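Mind looking over this structure? Questions follow.
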Amino acid sequence: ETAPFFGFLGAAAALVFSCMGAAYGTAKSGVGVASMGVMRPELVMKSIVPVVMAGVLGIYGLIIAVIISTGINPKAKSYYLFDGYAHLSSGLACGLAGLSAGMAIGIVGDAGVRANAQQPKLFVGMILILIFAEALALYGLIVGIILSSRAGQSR
Amino acid sequence: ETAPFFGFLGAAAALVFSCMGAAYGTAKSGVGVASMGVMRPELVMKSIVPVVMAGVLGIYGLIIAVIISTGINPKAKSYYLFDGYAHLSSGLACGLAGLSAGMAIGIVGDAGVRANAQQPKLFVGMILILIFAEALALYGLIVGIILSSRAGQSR
Amino acid sequence: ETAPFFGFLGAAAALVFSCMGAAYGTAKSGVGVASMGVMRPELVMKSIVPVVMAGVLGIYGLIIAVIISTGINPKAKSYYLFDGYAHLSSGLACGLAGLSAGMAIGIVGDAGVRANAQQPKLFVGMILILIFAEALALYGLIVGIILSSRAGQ
Amino acid sequence: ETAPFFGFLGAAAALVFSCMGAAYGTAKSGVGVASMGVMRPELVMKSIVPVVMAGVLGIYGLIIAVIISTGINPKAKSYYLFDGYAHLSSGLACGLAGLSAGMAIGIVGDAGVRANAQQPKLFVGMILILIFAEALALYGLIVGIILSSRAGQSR
Amino acid sequence: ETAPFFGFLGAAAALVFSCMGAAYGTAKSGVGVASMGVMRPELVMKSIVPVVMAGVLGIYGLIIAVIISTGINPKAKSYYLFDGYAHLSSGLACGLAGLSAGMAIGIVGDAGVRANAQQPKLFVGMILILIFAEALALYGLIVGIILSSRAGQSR
Amino acid sequence: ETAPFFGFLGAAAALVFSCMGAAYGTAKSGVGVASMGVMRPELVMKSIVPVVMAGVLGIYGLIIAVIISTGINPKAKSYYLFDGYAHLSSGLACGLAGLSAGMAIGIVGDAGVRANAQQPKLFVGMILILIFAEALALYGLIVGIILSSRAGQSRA
Amino acid sequence: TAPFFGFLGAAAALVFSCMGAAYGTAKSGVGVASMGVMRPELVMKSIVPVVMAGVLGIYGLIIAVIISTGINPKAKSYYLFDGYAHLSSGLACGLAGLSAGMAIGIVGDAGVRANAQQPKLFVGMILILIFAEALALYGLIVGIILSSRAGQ
Amino acid sequence: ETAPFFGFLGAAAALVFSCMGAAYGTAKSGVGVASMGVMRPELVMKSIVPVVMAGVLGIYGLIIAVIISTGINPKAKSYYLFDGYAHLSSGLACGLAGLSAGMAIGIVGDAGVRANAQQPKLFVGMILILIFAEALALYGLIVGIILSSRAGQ
Amino acid sequence: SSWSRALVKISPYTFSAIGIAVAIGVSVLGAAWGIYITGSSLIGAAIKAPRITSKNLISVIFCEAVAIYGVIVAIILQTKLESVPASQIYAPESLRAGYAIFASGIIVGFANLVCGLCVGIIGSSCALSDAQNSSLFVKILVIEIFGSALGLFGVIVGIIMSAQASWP
Amino acid sequence: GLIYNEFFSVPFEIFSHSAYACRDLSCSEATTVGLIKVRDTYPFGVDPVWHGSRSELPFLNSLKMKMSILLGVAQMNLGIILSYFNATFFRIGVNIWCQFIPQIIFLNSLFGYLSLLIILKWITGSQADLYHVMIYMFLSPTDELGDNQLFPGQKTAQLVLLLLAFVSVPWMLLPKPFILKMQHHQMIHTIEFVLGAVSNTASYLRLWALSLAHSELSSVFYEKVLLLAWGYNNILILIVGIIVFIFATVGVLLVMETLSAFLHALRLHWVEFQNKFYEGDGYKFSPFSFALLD
Amino acid sequence: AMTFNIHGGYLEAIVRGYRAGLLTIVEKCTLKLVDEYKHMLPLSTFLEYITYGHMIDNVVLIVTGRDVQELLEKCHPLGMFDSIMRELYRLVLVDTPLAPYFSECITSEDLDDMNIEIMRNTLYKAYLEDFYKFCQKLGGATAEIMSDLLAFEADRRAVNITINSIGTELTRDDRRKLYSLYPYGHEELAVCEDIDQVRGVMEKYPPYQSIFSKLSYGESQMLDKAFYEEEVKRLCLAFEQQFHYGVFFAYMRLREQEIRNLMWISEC
């Protein structure tokens, strides 16, 4: 039917929004890292952790997209409209959550890197903030996985 | 037939909007903490309260989304448009409440982090304000729970 | 047949708009309260009056949402469009009134925090202004309840 | 048929517009009175007139909306689309007039607070301006009442 | 037919637009008059003439709305689509003319308050602009009445 | 049978846009007059020319609207498709011309009133510029009068 | 009939990818010229970040090529599923490339300034930029996987 | 049926876009010339011709519009949508190219007006830049002629 | 349904012609924008010093290359046109050819615009850099040449898509 | 965790053998009218079958919500009871009997109907109530109806509780100012207490939400590890999956989950338990006991 | 981003070339720089604010009289433009950004602008008004530089007040009421009555930390020289001047600094 035209769209949107959020985080993280390392090159290595923390969202989005893509197989079963709609919903939710988490992580990491050289306690504070932010991305990934799994029944 | 699309979209919207609100709150709190903790190490841990206070809203939104996803069961009951409409309404209400709470909590937490360097007698007031704001998240979760409970009784 | 698709949406919109207005008011109220407490910690506890009164709008919105949810009883009576549309309109009106009251209360509290910080002698005037603002929210809640009461075709 | 939709929409629009106008007027009045609350608290007590006027305008709008709602009795007489359209138009007119009057009164009070703070002799002028502004709300309420009464003339 | 779906809506919109324009003009004039009275309390009483003149818009709008409402009467005679369309057009023209006149009168009065406060010689002379604005409003009302007079022309 | 709705809408739009142009011109004219006040209160009377121009524009718009409304005679000469579209087009053209003329007149009059203090003998040149601008209002009125019946009464 | 969407996917994949590629290359190029005003030697080596940004266009170009080759109407019946899948596959690749290039442009522009100030931090800037550039590669992987679903 | 309407709309767009682009370029060049006149009035006419060079784009647009008008006639053939749409596309392409070239030439002339005054030796460079810009307009005219050639089906 | 049927019933020849014209239009617009961007900096440098006119002309030539490529693509698209027979006005082959033509035109136009903007920005920076120091002109020119490859890649993609035309 | 019958995101052998057994269903599907027949309840923890079943989410959610409601009621009762002890220890005035008694009675009675309904549904097995119809019975403010009521006296008990709650509102506001006037600030307690009671009651659901989130995250991690171990049982793939699972447990399960739980627990303790005690103010007395030297 | 090529590109290139070329002799260099700036005539408002920067001081100097005729000798068009004693002050209140505010703030005329100290107070108030006006035109990276300059001026005024002007009624309240992170956290300098206290106050801003150093130089001067000398030393940051941004103010500041250095050279 027309269900794939929505399911594949949702699967693509998940990865697209996740990549957009990861890029938005990484830009701010890199700007802050450069600003910090201009004056204190020693802490540049310690300031790179939020960049990887933001980049993990890209891997999460890629995993969600792979799951969504593997979840559609007309040769296996008739993908009714319910299955495609649920897959699209899961993709949209995962992508939006990833984008929001990436933006938040980028802002927080840029602020922390700007404040990194001011006090060494920033090395712990920014790490804690980044972990708390990535918790939201993990929760979104879990919700997307649950929705994708529930999409498999379709009566 | 199209009702499960509406229900899945409502659950996805709830999760995504809650994630966005939590991300905005966490980013604001992280910026405030990065600004405050440069001067003193007190803001490193004694003022990390909003960092988890904002993630509480995301946890509540994830719980509501999981409940909504578990609500749909075509193999157990052929859902009419009533179930889809109720699920979509509950998801929209939960997501909007989560976003509003996230924005308010982020603003209040940024203000509190800025004021942290001031007289510490205001910590109790800041915590009280944060709790009063976060009460909106609980109210939204209650409304969503009531809607989900009333959802399945369709004729 | 399509009446619930409007009634549930109206209830959700009422709750969402009430929450949005409450948050909009509470942001300014909390900013002003934090500023005053930094300036004068003595009156910080007594300055949470607009912050506390902000939650009243959210409570009223939750009550209206609960009433709207209790209104939709398909088993009790076949929900014609005349009831679902009325419920949706009542919810929309309550939510818009709550949002307007929240914005007004936020502005009033933002002004009153500085007003009390400069001189606590204006606390009575600030409270009177807040009560006058909340009168709009009370009127909106009453109107929403009255409109929801007309679900009998 | 679908006339109750139009009637309910008109009543809701009337209530919403009246509430928005009253809120804007009250916010402007409070912003104005914030200075008078410190510059001359003795005159601040008499400065609450514009807030009362805004509340009165909101009350008039709510009363008009309540009358419009009470005019809808489907079980007593069938509501033709003519009556619903007339009621919706009456509500829209009352709401727009109330919002405009509230905004004008709010601006007038915001100016008059400083005007009276500079010189107490401007209280008479402020009162005259407020009365002239409230005349518009009174005219709008009268027009809405006339339209609501005429709404039942269909057959 | 569905005549009041447009005729009554236009009748309401006429009063709505007239009230909005009068409110804007009165707000501008009141701000100017408050500033002038703060500058000099002597001119406050004498400078209310533009404020009063701006009130003619409300009277004209109320009269037009009453005439339009009286012009709709299915019991007396059925009104076709043309009978309602003409009334709606007349109401829209009257409302737009009232809004334009109100805005112009508000700007003119805001300028004239300062003009009179500076040079009392030009105070009385400046009333020509207000007279011209009132004449424009009267011409618009006359055009609207002429348009509305064609209510019974249908057949 | 739906053409009269379009015709009445066109007449109303003509009146509304003419009034809007007149108001836009008069606002700038009054602002300039107030600015020229106190500095040269003697020239207050001589500065009323833009007010007269705005009043003339409003009168022309009202006359065009009344002329259009005079064609609302459904008791004879069935409107057909032309009597609505032609009237609407004529009204729209007249209103837009009035709005443009009002904006130009307001700009020129405000500039002249502001410049009336420097080289006061340039009032004649300012009035000449204002008249050259306001000629567009007369041109638009003529065009509207031409379109008032050219495509309206020739439906047969 | 449906194949219009499938054809549009390939065009969109290249267009949206190049849109972000130009934006990344522009920001990276501007910083390089600023550094080249004073630091003569540092600018020559700093061109790598611009070269890295230009690679994203190549990745989008290859993805577009695959989509075009798979839209053969006379070879196999291009049902609506194939058109929907190809359009979806292109949309992800184009959107991801646009975001990935945008981050590289923002990061690269700051990196040129940072290198001109302290040459030591050049390694750190490259590492962050390389990690950011992996998102475009991540988008490429998703594009291949989605396009591979054109079996039926 | 609607192909004549599509062709007429395309011709109108071809005229209007080129006219707007030429007008913008000429206005920018005239502002630049007026600014440069007060400094070295002896060079006011030394660059007035490239300032008014927007007449070239105007004439090209007029020629394109005339060509598009000529090709539409019911008597010659009952042209279908394949002809009207093609004519509209050719006209739109020519008009867009003309507008872009006019804007670019206006900016280049605004720069060159000051550049030549600051350095008389830069007149040849400004002329070369203007010729390079007008190459785009020439290419657009060629493309428009080529497209309109096939429209006579 | 009825609205969907009307949307599916639109003439593909109109869409194909629109895309063909839009490709050339967007290419011309992007080339002109890039030319203006480069020319502002070139004129500024010449005002500073007329020594680097030959070096500056390379940016203008590169910008005009985008317009040349767009013109070539437009000529190819015009060659791709057919007679549009009445019988096959809604045939699947005609619809596929029209969709492919529109997609190729849109891709070519967007790629040309992006490449023109990038080349204009690069040349504007490079002229100022050369004015600052003529030693850096080689690296700037190399970077501009590398960035110009976006237009070539877009043209290649459009040419590849052009083979899909099969209008009877 | 031992109570929850979940060990490292995996069930295990309960003190009993199997709480619920598939009613017949030697070959029939689990989703059936017979479903699963329980021989006896597992005392050590939850039924092992329930954890891995499709119906895990609804039953576990209902149980967690009921447990959270009961725990919040108990904590609020303890906090309110501490008020009388604090008043007696400090020998406070008649304000305790004047205000502490109505304050501890109104909220207790208001939550008592819900707590008793939850207990009765758990005790009497009134399946006609479940998680939803309990709220439905609590929803109606008006009298009459009561068709779904399970308590034999619920028809009169609800009205009595409503009357008591209505009468308790002034009893918590008047007597303290009355005593103050007789012996010759209540605005701070006024209005705040009424909304704060509802806020504290609602906040208890945070514990249930956190528990559900932790369970979901642990289940996701365990599912990923099992999928790696089953299909990717190859040595390199198995080692990589084990390393990934260890890293995930260290990150989310160990650090993030514990931090969030601690923060939520502290917020709950301050918000409700401390609300009825402590009262703030004061300072920490400290002598010059070589504190800097220490 | 495309707006730079849309307009202002040629002027930006000319300014960049003039700045790159830069490096009674001091008077001649100042006249040449002023002529170059004038010949350059969106960016118009920026140029007006940049000129008004020194025009505030020029108008303050012209406000005297008292040998007022000598002001024509220093009629440098860069700062001493003719377009930019209460009766004459009202006339001079036009064509300047800070003049309308100073009309009310300095309505006492010579009473609030006494040549000993209160004239410096009026000049500081005018400088604060001009800095606020410049910061109002936000949208570029120059906001940070403007904030740094205003902070340096305010901190230098506060240090001068705490050093010796405290006896001249420049108390802690006057450190911001009359003496023009500083726009939000200037209260820390109200109690910095000692050089060690000044260093401690500077410790609140780690970028400002170690800038005072021993405070033997720079902070030793009164008026606005204490923290302004820190900005002069750190002006190497302004020497970056990243492209496609407003650099006219940076070029003007660099030319002024070069003129000051040439004047300080004098007879070696």
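The letters A, B, C, D, E, F, G, H, I, J and K name the chains in turn, as written, and every chain counts its residues from 1.
One rule holds for everything that comes next: a residue touches a chain if its C-beta (ideal position, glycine included) is under 8 Å from a C-beta of that chain, and two chains touch if they have at least 3 such contacts.
Here's who's who by UniProt: A, B, C, D, E, F, G, H = V-type proton ATPase subunit c1; I = Vacuolar membrane ATPase subunit c; K = V-type proton ATPase subunit.
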item: Which of G-K and G-I has more C-beta pairs touching across its chains; value: G-I
item: Label of the chain whose CA centroid is most distant from the centroid of subunit F; value: J
item: Centre distance in Å when subunit G and subunit J are each reduced to the mean of their C-alpha atoms; value: 50
item: Centre distance in Å when subunit C and subunit J are each reduced to the mean of their C-alpha atoms; value: 28
item: Separation of subunit H from subunit K, taking each centre as the mean of its C-alpha atoms, in whole Å; value: 49
item: Set of subunit I residues in contact with two or more other chains; value: 33, 36, 40, 43-44, 47, 117, 121, 125, 128, 132
item: Contacts with two or more other chains, residues of subunit D listed in rising order; value: none
item: Set of subunit K residues in contact with two or more other chains; value: 1, 5, 9-10, 14, 206, 243-244
item: Of subunit A, residues touching subunit G in the complex; value: 2, 4-5, 8-9, 11-13, 15-16, 19-20, 22-24, 26-27, 29-31, 33-35, 37-38, 41, 44-45, 48, 51-52, 55, 58-59, 61-62, 65-66, 69, 72, 74-75
item: Touch list for subunit K against partner subunit I, complex; value: 1-2, 4-5, 9-10, 12-14, 16-17, 20, 243-244
item: Residue numbers on subunit I that touch subunit G, as the complex places them; value: 8, 92-93, 95-96, 99-100, 102-104, 106-107, 110-111, 114-115, 117-118, 121-122, 125-126, 128-129, 132-133, 135-136, 139-140, 142-144, 146-147, 149-150, 153-154, 156-157, 160-161, 164, 166
item: Touching residues (chain side subunit J, partner subunit A) in the complex; value: 213, 216-217, 220, 251-252, 255-256, 259-260
item: Contact set on subunit B toward subunit C in their complex; value: 81-82, 85-86, 88-90, 92-93, 96-97, 100-101, 103-104, 107-108, 111-112, 114-115, 118-119, 121-122, 124-126, 128-129, 132-133, 135-136, 139-140, 142-143, 146-147, 150, 153-155
